[PDB]
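In: Using only what follows, build the 3D model:
(one chain, ligands or ions: 1)
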Amino acid sequence: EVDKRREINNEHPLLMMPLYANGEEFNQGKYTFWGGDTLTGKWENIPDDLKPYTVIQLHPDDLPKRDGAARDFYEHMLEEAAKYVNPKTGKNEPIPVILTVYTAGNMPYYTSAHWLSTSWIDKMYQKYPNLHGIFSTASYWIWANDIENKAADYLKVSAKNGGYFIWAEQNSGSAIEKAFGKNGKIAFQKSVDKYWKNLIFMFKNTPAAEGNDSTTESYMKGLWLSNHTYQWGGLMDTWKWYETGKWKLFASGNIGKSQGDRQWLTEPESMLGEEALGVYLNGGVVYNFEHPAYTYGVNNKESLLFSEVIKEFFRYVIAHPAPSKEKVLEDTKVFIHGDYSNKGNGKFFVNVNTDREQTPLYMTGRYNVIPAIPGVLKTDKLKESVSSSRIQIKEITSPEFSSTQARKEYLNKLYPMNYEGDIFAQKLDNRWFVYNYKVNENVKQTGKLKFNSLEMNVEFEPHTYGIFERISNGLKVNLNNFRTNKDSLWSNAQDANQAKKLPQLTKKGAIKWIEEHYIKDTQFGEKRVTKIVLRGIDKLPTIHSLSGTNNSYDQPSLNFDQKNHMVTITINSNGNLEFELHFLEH
Ligand SMILES: CC(=O)N[C@@H]1[C@@H](O)[C@H](O[C@@H]2O[C@H](CO)[C@H](O)[C@H](O[C@H]3O[C@H](CO)[C@H](O)[C@H](O)[C@H]3NC(C)=O)[C@H]2O[C@@H]2O[C@@H](C)[C@@H](O)[C@@H](O)[C@@H]2O)[C@@H](CO)O[C@H]1O
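Out: Residues are numbered from 1 along each chain as shown. Next up is the structure itself:
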């Protein structure tokens with residue numbers, strides 16, 4: 001083994017920072033990115049505490065589809081990255097980079113990436129110590145003839161150089177199963193046997209109308225636990241709103257895939273944190289997002305979605321490392337072996353732990369994410385682990401998995417009910433993680449959680465998550481319900497028929513909208529109410545270390561009921577929020 005160029009694990013998670021090449025400007029002789037970020041400017045803006053855990057991911061987007069274009073653009077940017085000087089210290093501090101080398105099956109009618117040879121990749125790895133990895137993304141919809149053969153070469157060239165091959169894919173058309181050899185293309189399967197320690201496999205939740213979120217995430221977790229990948233994670237994509245045909249928040253009717261650039265702006269900001277929790281809580285450590293202009297920012301400035309949700313969530317997973325592989329293994333009661341493509345794909349988990357076919361969220365944390373691997377793989381390395389002796393490994397074709405009812409009856413016997421209420425909640429150590437799982441319906445949810453004898457009841461509106469940690473002196477609270485008002489994008493349309501017919505915002509139009517109406521002059525959402533009730537409390541709790549999104553919260557209200565040893569906490573806010581409550585139990 002060659003020394004790894006960087007660590008990627010629970011203590012060293014990874015936030016990929018995408019920069020998409022502007023092909024139109026490249027034709028004019030300029031080296032720029034859609035949305036106006038610059039490589040140096042973006043890197044500089046990244047908070048210093050995050051720099052060790054973030055990597056610039058270059059993407060060739062609409063560069064000319066012919067030989068030389070992607071090489072030219074990439075070499076220019078690798079040179080900029082390599083030569084970077086920190087203006088504070090005057091020292092050359094090479095910017096870490098990942099190159100997108102494969103996308104859309106590398107078809108010459110789809111991407112300039114077609115003309116990036118494995119030879120050239122090897123050359124860049126050898127020239128640039130700051131090239132930490134290469135990235136393949138979104139070929140599920142165009143599963144090219146030699147995709148597995150090329151993936152094998154990408155993994156091997158990365159291992160040769162101590163870099164990572166990172167592959168983001170969704171299980172549409174059995175993609176994950178095919179990648180590992182379901183249909184007889186076994187080159188990547190064999191490559192993985194040798195080189196898995198240099199592989200990161202991620203979901204890509206874009207094609208949301210096909211409902212493969214839960215099954216793909218289950219595979220990513222299972223591949224990791226079974227040593228088919230070094231780590232895992234997810235690319236969470238606001239374009240899911242477009243794929244599923246949604247429009248104005250909470251509105252009636254479906255507009256189909258008709259208003260792309262309005263649609264990728266509309267997903268509630270806090271809902272990205274809800275999606276990301278599914279990665280974190282299940283031991284994933286790699287995060288990436290689209291659309292980049294909304295999820296990260298423009299013009300070397302952080303979008304509010306980035307500043308108030310993603311940055312804060314990512315800081316949380318650095319401060320509180322995800323459960324280790326050993327820990328997740330010890331917690332796993334059931335491990336599925338087989339092809340979800342043969343068992344309804346995403347439907348497998350509907351009314352088990354998802355509330356509908358088309359969602360990136362879960363309705364219960366009772367089973368967390370049940371890990372799986374495709375039928376083509378073996379569970380040999382899984383069973384060899386010291387930590388896997390108590391797992392029931394089950395074929396997906398087992399009677400226990402034959403129907404929705406059978407799945408719950410089987411799982412319920414192994415995963416006890418550990419909270420009450422129709423809401424998402426999952427517990428790790430002394431922390432309850434809670435969210436409202438409604439996607440596009442304005443419905444409050446309630447749950448009853450316990451820390452031993454201490455009872456905590458919560459009431460959450462949609463697009464609200466909380467993390468509640470029992471500390472020696474009380475409770476630490478992290479709350480995020482940040483959701484700005486996107487109604488202006490859907491102006492002039494009273495119903496779905498009118499919305500579908502709106503003039504296209506366009507890619508350039510949406511970038512402009514971000515600049516003029518999101519980065520500044522933001523239409524903030526209304527403050528909304530969260531209730532927390534604690535029962536089993538000695539005296540009126542005190543509040544400490546209160547902070548959150550500027551101008552986004554009223555002072556929390558505490559109402560202590562002496563006779564009933566309980567407090568009702570009422571919060572009115574729209575943003576991220578943090579505080580401690582100090583109290584003793586009664
Ligand atoms: C031939 C064809 O139409 N192929 C489609 C894929 O490109 C789709 O992939 C992504 O889908 C999104 C819609 O759900 C969207 O089209 C996205 O590209 C757009 O957004 C990115 C940033 O998020 C860039 O700005 C692109 O320039 C822009 N393109 C357009 C036409 O508006 C697609 O993602 C990009 O392309 C894929 C191939 C990868 O390279 C990604 O990394 C890129 O971000 C796919 C969705 O399921 O559907 C296919 O039909």
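In: Spell out which parts of this protein neighbour the ligand.
Out: 20, 34, 59, 61-62, 103-104, 137-138, 141, 206-207, 239, 242-243, 290-292, 507 (Cβ under 6 Å from any ligand atom). Heads up, the C-betas are built off the backbone N, CA and C, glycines and all.
In: I'd like to know which of those are part of strands.
Out: In strands, defined here by DSSP state E, the members of the residues of the chain next to the ligand are 20, 59, 103, 137, 290.
In: from those residues, which is closest to residue 336?
Out: Checking these against residue 336 by Cβ to Cβ gives residue 137 as the nearest, at 25.6 Å.
In: I'd say the closest one and residue 204 touch.
Out: Yes. The criterion here is Cβ atoms under 8 Å, and residue 137 meets it with residue 204 at 6.4 Å.
In: all helices of the stretch 151-300 of the chain, in order?
Out: 175-179, 187-195, 213-225, 240-243, 260-263, 269-280, 292-295 (DSSP state H, counting those that start in this stretch).
In: next one: the longest one to chain centre, how far?
Out: Relative to the mean C-alpha coordinate of its chain, helix 213-225 is positioned 13 Å out (Cα atoms, centre = their mean, to the nearest Å).
In: sorry, back to before: and the residues of the chain next to the ligand, which are buried?
Out: Buried residues within the residues of the chain next to the ligand, counting neighbours by 16 or more other Cβ atoms under 10 Å: 20, 34, 59, 61-62, 103-104, 137-138, 206-207, 239, 242-243, 290-292, 507.
In: Tell me how many other residues crowd residue 147.
Out: 22 (other Cβ atoms under 10 Å).
In: Distance-wise, check it relative to residue 106.
Out: 8 Å (Cβ to Cβ, to the nearest Å).
In: Next, show the common contact partners of these two.
Out: Common contact partners of residue 147 and residue 106 (Cβ atoms under 8 Å, 6 or more residues apart in numbering): residue 139.
In: Tell me which of the helices of the stretch 151-300 of the chain sits nearest to residue 9.
Out: Here helix 213-225 is closest among those (Cβ to Cβ), at 10.7 Å.
In: For residue 536, grab the count of nearby residues.
Out: That count, for residue 536 with other Cβ under 10 Å as the rule, works out to 18.
In: list the contacts for the closest residue to residue 176 other than its chain neighbours?
Out: Using Cβ to Cβ, 6 or more residues apart in numbering and skipping the chain neighbours, the partner closest in space to residue 176 is residue 219 (4.8 Å). For residue 219, the contacting residues are 171, 176, 340, 372, 373, 374, by Cβ under 8 Å, 6+ apart.
In: Just say which of the helices of the stretch 151-300 of the chain is most tucked in.
Out: For those, ranked by mean neighbour count under the definition mean count of other Cβ atoms under 10 Å, the leader is helix 213-225 at a mean of 28.
In: measure stretch 123-138 end to end?
Out: 25 Å (Cα to Cα, to the nearest Å).
In: right, I mislabeled it, should have said stretch 362-369
Out: Stretch 362-369: ends 9 Å apart by Cα to Cα.
In: Check stretch 571-586 too.
Out: End to end - Cα to Cα - stretch 571-586 spans 24 Å.
In: Which element, helix or strand, includes the residue nearest to residue 6 when sequence neighbours are not counted?
Out: Of all residues not flanking residue 6 in the chain, residue 132 sits nearest, at 5.0 Å (Cβ to Cβ, 6+ apart). Assigned by DSSP states H and E, residue 132 belongs to strand 131-137.
In: Quick check: neighbours of that strand in the sheet, parallel or antiparallel?
Out: strand 97-103 (parallel), strand 164-168 (parallel) (DSSP bridges).
In: Contacts only, for residue 217.
Out: 203, 234, 278, 279, 282, 369.
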